[PDB]
């Protein structure tokens, strides 16, 4: 395969074209985890993870997403956010430019892998959830919403160092059996009910669900379908008042909550029986229907549950992410031109 210094191989029904420095590429799974490989970067002298962006320029929207992806990754450099160690393309020119590769640190596990293998002591959950909220605070202070925070988006290594993997970046990758795979267990109810004007607080609902799962070793709201998902949420938090319902759903999705029987809020002391009362208290500031009332990531880091790790001076905010570039309309060849330069510019 042309392009000096590059080599080809078939990995998960796709050809991978990588520089000679990337050695021993090993697929992580099939389908969803199928565009990600382990490798060893001979130049960096370390294990890395490599991601092959599927179809970055299939259409305007994919090209815009590809660009945003790169732009956010290198804007949001943080101890608890996944960082780019490299970007490349087998392209010899922009006519050849049709695929993008992202090389980061190898963490080697996610929160599912962790819940599955350990029991997860209260003290272990404090450290993990601290680092998630810390990464999130930074992400939020830039004006970015994840919107799909879940255990497979949160990476953890042996040293229990945690990194948030993406920013709700989902685009042209496999969405056959891999979107059927995409779990709704961690999604904010206001997103579930297609409220158009949600904010940062959607991710705090998700952290709530993630933290509850770490403590109990099982999913909090494991819905089997869309109605079941809402029914399970409402059975724990209680059905909202009409006034709260009016600001967490689109007009049409209200029916889905109005046709349920009125249910009181359950006592979280009994749901999370022998958990640290501090864990229970916090969860109750997270698993709130009124997105208004939900604690922010900043306020949460301040909770006594994280008093072991809270250091206000080591919990940075970011500069606003500038969207002036993405505010203007461009063609596909332009988003391409722009992404090519972004790929080319990398260290």
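Residue numbers count along the first chain shown, from 1.
Averaged over their C-alpha atoms, the temperature factors of 114-122 and 89-97 are higher for 114-122. Of the two stretches examined, 172-180 and 153-161, the record assigns the greater average C-alpha temperature factor to 172-180. Split the chain's modelled residues into thirds by C-alpha temperature factor. Residue 267 is in the highest one. In the deposited entry, the Cα temperature factor of residue 23 places it in the lowest third of its chain's modelled residues. Ranked within its chain, residue 35 lands in the highest third, by CA B factor from the PDB record.
For residue 166, the recorded CA B-factor ranks within the highest third of the chain. Only modelled residues enter the ranking.
Among the modelled residues of its chain, residue 44 has a C-alpha B-factor that falls in the highest third, as given in the PDB entry.
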